[PDB]
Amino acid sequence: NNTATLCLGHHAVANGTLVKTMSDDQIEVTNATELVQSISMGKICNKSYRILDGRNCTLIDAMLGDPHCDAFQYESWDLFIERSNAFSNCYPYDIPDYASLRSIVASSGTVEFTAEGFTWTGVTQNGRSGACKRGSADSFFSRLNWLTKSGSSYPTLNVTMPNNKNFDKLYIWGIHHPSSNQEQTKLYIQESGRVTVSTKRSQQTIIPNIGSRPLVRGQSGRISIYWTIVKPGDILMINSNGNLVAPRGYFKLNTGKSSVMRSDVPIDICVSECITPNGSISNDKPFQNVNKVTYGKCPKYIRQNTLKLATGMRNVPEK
């Protein structure tokens, strides 16, 4: 003609997508992205963090030295994996505040043991049981040391062991709960035992309770387990006139980044920076709906399984 027309516009795509705003419940935009990691990898990646499979062993049992867990001595970890099918296979026991001891050792990130030369004069050491058979032979937890009488003597034990190393020592010890009064005399000459583990700061005495419990691995007796933290320059002092299940040394506590996690998922040769009981999952998104239980560099757990963030203008097709 003798004029000209100049039109202004913007683009559009064939594959538009719905997102929410403050103004609309649903509105089509040119493009958007998932902010919620919904899918898990199905396996726990072996690589980025140091993963340890407990297999048939719990964390607690591996550190006490239940014979069928001997493999786990020497081992450290970033993440210890506890399986459902795991079982104890040694002297039946309990731990007042089990959950806390488990938490403490999990953080330590190792069950490496450092033996110490305790002297137990008057008594006989290395008491064993049919409860944990190391091989076909009677045995006991490797990290503990069952003391019984010698001759017809169980003298008031009184042993001292200083910490000079410059870190905290964690000592694991216990007391034996026999089934009958006839047993309490038989094994330890006195009619009632006592264990007084002490330091300067703390001090804790335990009287052994006595009587029949249910059979577990042909045994109605029991063992109760306690721990003591011994600060540098302080000292451990164990006083007892019966029933002591003695320590053989110490664990080293670390201010570690280590943990434990309950899962049945298999471990595999992939790579990832975040771990749930459902398997490794991906970092790239800000949120995630796989599991509230996580370890490592993980997105934030929320209730919703999808959240779409628009990455383009409104899509306004013609037809």
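Don't overthink the numbering: it's just position in the shown sequence, from 1. Rigid core here is just the name for the largest C-alpha set that superposes within 1.5 Å across the two forms.
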(request) Between 129-137 and 222-230, pick out the one whose C-alpha positions differ more from the shown form in 4 other deposited structures of this protein, using the rigid core for superposition. (result) 129-137
(message) Mean CA temperature factor from the deposited coordinates, higher in 100-108 or in 124-132?
(response) 124-132
(message) Highest mean C-alpha temperature factor of the two stretches 186-194 and 226-234, which is it?
(response) 186-194
(message) Highest recorded C-alpha temperature factor, please, choosing from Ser142, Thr119, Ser76, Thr114.
(response) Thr119
(request) Have a look at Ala71, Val159, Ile81, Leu170 and flag the one whose Cα has the highest B-factor in the entry. (result) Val159
(request) Please place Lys257 in the lowest, middle or highest third of its chain by C-alpha B factor as given in the entry. (result) middle
(message) Using only modelled residues of the chain, where does the Cα B factor of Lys47 rank: lowest third, middle third or highest third?
(response) highest
